[PDB]
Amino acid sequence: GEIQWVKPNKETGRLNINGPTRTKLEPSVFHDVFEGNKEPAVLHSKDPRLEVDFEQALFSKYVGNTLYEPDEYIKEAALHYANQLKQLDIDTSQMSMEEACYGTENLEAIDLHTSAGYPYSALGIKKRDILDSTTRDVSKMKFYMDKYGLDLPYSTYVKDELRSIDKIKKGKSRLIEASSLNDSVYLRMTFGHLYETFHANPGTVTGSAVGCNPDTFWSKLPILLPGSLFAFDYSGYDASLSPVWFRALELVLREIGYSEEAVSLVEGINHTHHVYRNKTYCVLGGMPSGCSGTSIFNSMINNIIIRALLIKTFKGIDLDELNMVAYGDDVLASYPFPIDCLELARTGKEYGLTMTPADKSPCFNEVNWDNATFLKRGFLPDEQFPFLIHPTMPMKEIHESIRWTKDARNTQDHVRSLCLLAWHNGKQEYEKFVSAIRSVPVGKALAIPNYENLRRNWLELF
């Protein structure tokens, strides 16, 4: 991805979009009980913690575009992936606006607790003023689609979240592109059935982990992914995507049966307009992260990416022996022979992609179940039943979360959630985490889950 132009809002006639500049994150009562190295991300340009210009740091992620049209590796890759998807028999028919707005069994309803985007957000119009859970009224929605139409600009806000100190010093906060409700609706109508299929089928046919539940999914993955593991990270995936991957996405969609009107919508996320503050800017390439389908399309593109890299980097690849599961840019994959990722990475560079050793190691090492991670979790066989696999969120990560809150009112819920993540690491580590939580007055006021209950509730899932 690459910023094509920037114009003031006077010149484009776009309403300014300003977001908050103060973090809602405050240190929790456990801040000094656990060690951690993250803080609230830089939200404002005059943040004393800065060491670089903010805005230039924020937008440096648009590293530019290499390929615009599919070469022959990418084509072959798209087709292999699309043929794989066909057995799922995705219903390419348009989803009704009522189902799109208000949801189904395999698609959650549009979030009514979340902004409505351009232009409503500047007009004081919330999602709740157009949609109603109980009514399932679609009438005002239709009315607004007509008034403001589609392809409305994304609103750019900075994400309020904890970031490692290095990224705070270097102003590398993340940006989210707040969709217009109109585009969300329309994209859900076009692909809601695809969404439903993906959510209902995490695994190696979708090649996706969206919809997965780590407690139960981590036990399938060594069966789903037989042979030699490989994995890596992308640096700035969404923005690093060149238009070719959107061309590629299109070919997959066509091949599984989408109408050209349906397929045409891809170009409207490949080429987007964004309002950040008082300006309008144009982005060519790059997933507008915040659009409907972000996760699924990233996952799909990722599947295309992996195949294309493999048959370009190596001789005699059999794509049919490829297994992979993607969650956006997060990948875990296997093949009957070990795959050298340093070379995949060299090839990816030519495509504008930046690929780094699993977990930000210094170098590309062997990936095995003992050191693999996916969705930040490790893989740890249960000592009693070794075919049942724990997803292990590292305690260091759990320590970062607990040291802050955005509202201490919900402390109880927060610590409980962490415990649900922590116990997988084992009895000894878990009680250590609990005893440290207990070491402080608020901590002694909290209901903390009993370990063996957690374990036995885990086992009962199977």
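We call the rigid core the largest set of C-alpha positions that still match within 1.5 Å between the two forms. Sequential numbering from 1, following the sequence displayed.
Hey, after superposing on the core, which one moves around more in 5 other deposited structures of this protein, 175-183 or 355-363, CA-wise?
Per-stretch check in 5 other deposited structures of this protein: the more divergent one is 355-363.
State which stretch shows the higher mean Cα B factor in the entry: 174-182 or 201-209.
That would be 174-182.
Looking at the deposited entry, does 127-135 or 251-259 carry the larger mean Cα B-factor?
The recorded data point to 127-135.
Highest CA temperature factor in the entry: which of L353, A116, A333, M300?
Of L353, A116, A333, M300, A116 has the highest C-alpha B-factor.
Name the residue from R377, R277, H80, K220 with the greatest C-alpha temperature factor listed in the entry.
Highest C-alpha B-factor among the listed residues goes to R277.
So where's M141 on the chain's Cα temperature factor ranking, which third?
Highest third.
Relative to the other modelled residues in the chain, which third contains the C-alpha temperature factor of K61: lowest, middle or highest?
It falls in the middle third of the chain.
Could you tell me which third, lowest, middle or highest, the C-alpha B-factor of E51 occupies within its chain?
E51: CA B-factor falls in the highest third of its chain.
Name the third of the chain's ranked CA B-factors that contains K75, choosing lowest, middle or highest.
Its C-alpha B-factor, which the entry lists for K75, ranks in the middle third among residues of this chain.
Based on the entry's values, in what third of the chain does the Cα temperature factor of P394 lie: lowest, middle or highest?
Ranked within chain, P394 CA B lands in the lowest tercile.
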